[PDB]
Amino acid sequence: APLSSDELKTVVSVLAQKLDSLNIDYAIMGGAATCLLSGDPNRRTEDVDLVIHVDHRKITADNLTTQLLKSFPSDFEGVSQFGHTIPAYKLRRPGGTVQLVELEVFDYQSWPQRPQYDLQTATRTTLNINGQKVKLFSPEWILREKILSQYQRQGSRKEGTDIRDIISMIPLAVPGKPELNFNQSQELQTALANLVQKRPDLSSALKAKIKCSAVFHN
């Protein structure tokens, strides 16, 4: 079930509380981030995707499952769909029953080919949900991911949502962040060329936020 905006906010505020209490640095990405930054309550998602920072304790994304189940047994339970146990938050509905919300957790050490997961350098932001600080990747970071995604998923059922997500993010971006400088990424240059070919009406709004000499000569 896609989570309502209210529900999503309950899930991430609790997760933020628990990660903070374990002193694990993190940032939320994916549909949750997009939804949290949306002005449209109809934009909804079904799980929470995040990156955590691994330090000397070696609480890797995989190892976090055990730590959550051990420290917060009231709030998390293990879910296994393909013989791999991951943590799910136990979202209580008003009538008292539990709706499981899966957590898709990543770390840089395990994905060296995704330097976007480096929490020490990625451009990031926070939201304050009724007093709780919730850590997210920034709109600039998200837009980079989405520009790539719309090209890689072109012709898929999700293409339209992606493009809608791009359009939502562009105005929240500011210029000058590394994630929106595409001069050293052939793959983002190509993805961007594909986007502005499809949606030339977005070209000036993107150009204001993105540095890419190949496409925008800026």
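All residue numbers are counted from 1 along the displayed sequence.
Just going by the entry, 183-191 versus 42-50 on mean CA temperature factor gives the higher value to 183-191. Stretches 208-216 and 2-10 differ in mean CA B factor, with 208-216 having the higher one. The PDB entry assigns its highest CA temperature factor, among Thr85, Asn128, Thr123, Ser74, to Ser74.
Among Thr60, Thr66, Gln154, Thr34, the highest C-alpha B-factor recorded in the PDB entry belongs to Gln154. Sorting the modelled residues of the chain by their CA temperature factor places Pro139 in the lowest third. Per the deposited record, the Cα B-factor of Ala173 falls in the middle third when ranked against the other modelled residues of its chain. In the PDB entry, a CA B factor belonging to the highest third of its chain's modelled residues is recorded for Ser203. Sorting the modelled residues of the chain by their CA temperature factor places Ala16 in the lowest third. Ranked by C-alpha B-factor against the other modelled residues of its chain, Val196 falls in the highest third.
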